Amino acid sequence: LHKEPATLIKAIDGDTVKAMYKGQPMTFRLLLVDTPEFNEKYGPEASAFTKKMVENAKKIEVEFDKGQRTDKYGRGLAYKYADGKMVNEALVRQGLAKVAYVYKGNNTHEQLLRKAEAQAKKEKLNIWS
Ligand SMILES: Cc1cn([C@H]2C[C@H](OP(=O)(O)O)[C@@H](COP(=O)(O)O)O2)c(=O)[nH]c1=O
Ligand SMILES: [Ca+2]
């Protein structure tokens with residue numbers, strides 16, 4: 001996979017971030033994760049975690065997988081990186097997202113994220129507490 005440039009527009013919630021990509025605004029939905037909705041337990045905590053990560057970064061990048069790049073809502077499906085650190089993985093490692101929506105052909109980083117989830121679960125963090 002390849003990292004491409006994006007510029008933060010707005011963090012939306014734990015797993016969606018609006019960013020300028022090839023000069024157009026796109027809402028990105030993070031691949032292979034599911035954060036709680038803001039109205040749900042750990043929802044505000046996930047939202048804040050992603051918000052801090054992307055806002056504090058000198059740069060953000062998006063990395064598409066091999067399969068679908070857009071979902072049925074027109075959201076970009078990507079791995080998002082904040083100064084080279086993957087947001088998707090960080091959320092899972094902190095127990096603020098479950099590995100989820102793992103579709104064949106768009107699951108390059110599944111094992112990375114499963115390993116993170118196992119570690120979060122062992123530490124009883126957040127959703128696993
Ligand atoms: C992460 C992801 C979500 N989606 C779709 C499936 C779900 O459809 P449904 O809306 O019908 O439940 C929805 C979940 O996104 P959210 O967790 O943001 O609600 O987004 C994909 O199609 N591909 C993806 O890779
Ligand atoms: Ca969600």
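All values below were derived from every heavy atom in this structure, side-chain atoms included, with hydrogens, water molecules and symmetry-related copies excluded. Quick note: residue numbers are just sequence positions, from 1. In listed order, ligands and their atoms are each counted from 1.
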*May I ask you to check whether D13 brings an N, O or S atom to under 3.0 Å from the Ca ion (ligand 2)?*
no
*atom 12 (O) of ligand 1 - nearest protein heavy atom and its distance*: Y101 OH, 4.4 Å
*Heavy-atom nearest neighbour in the protein, as seen from atom 24 (C) of ligand 1, with distance rounded to 0.1 Å*: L77 CD2, 3.6 Å
_Rounded to the nearest 0.5 Å, what separates atom CD in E4 from atom CD1 in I60?_
12.5 Å
*Of all the N, O or S atoms in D15, which one sits nearest to the Ca ion (ligand 2)?*
OD2
*Which is it for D34 and ligand 1 at heavy atoms under 4.0 Å: side chain, backbone, both or neither?*
side chain
_For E89, is there an ion pair with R93 - N to carboxylate O distance below 4.0 angstrom?_
no
*Taking the side chain as every heavy atom from C-beta outward, state whether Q94 and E45 have any pair of such atoms under 4.5 Å apart.*
no
*If we only count N/O pairs under 3.5 Å, is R75 in contact with ligand 1?*
yes
*Flag yes if more than 12 heavy atoms outside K52 fall under 6.0 Å of its NZ atom; otherwise flag no.*
no
*To which protein heavy atom is atom 19 (O) of ligand 1 closest, and what is the distance rounded to 0.1 Å?*
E37 OE2, 4.0 Å
*Can you say whether the rings of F64 and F28 are parallel (under 30°), tilted (30 to 60°) or perpendicular (over 60°)?*
tilted
*Among protein heavy atoms, which sits nearest to atom 23 (N) of ligand 1, and what does the distance come to when rounded to 0.1 Å?*
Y103 CE1, 3.5 Å
*For atom NZ of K59, is the number of surrounding heavy atoms from other residues, nucleotides or ligands below 6.0 Å larger than 12?*
no
*Could you pull out the atom name of the N/O/S atom in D34 that is nearest the Ca ion (ligand 2)?*
OD1
*Are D13 and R29 within salt-bridge range, i.e. N to O under 4.0 Å?*
no
*Check each atom of ligand 1 against the heavy atoms of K72 and keep those under 4.0 Å away; list them by number with element.*
8 (O), 9 (P), 11 (O)
_Residue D71 vicinity, atoms of ligand 1 by number, heavy atom under 4.0 Å_ = 21 (C), 22 (O)
*asked:* Let me check your reading of the structure: within less than 3.0 Å of the Ca ion (ligand 2), is there an N/O/S atom from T35?
replied: yes
*Can you name the closest pair of heavy atoms from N126 and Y42 and give their distance?*
O-OH, 3.0 Å
*Residue, atom name and distance, where the atom is the protein heavy atom closest to atom 10 (O) of ligand 1*: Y73 OH, 2.7 Å
_Protein residue, atom and distance nearest to atom 16 (P) of ligand 1, heavy-atom basis_ = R29 NE, 3.6 Å
*Roughly how far apart are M86 CE and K80 NZ, rounded to 0.5 Å?*
13.0 Å
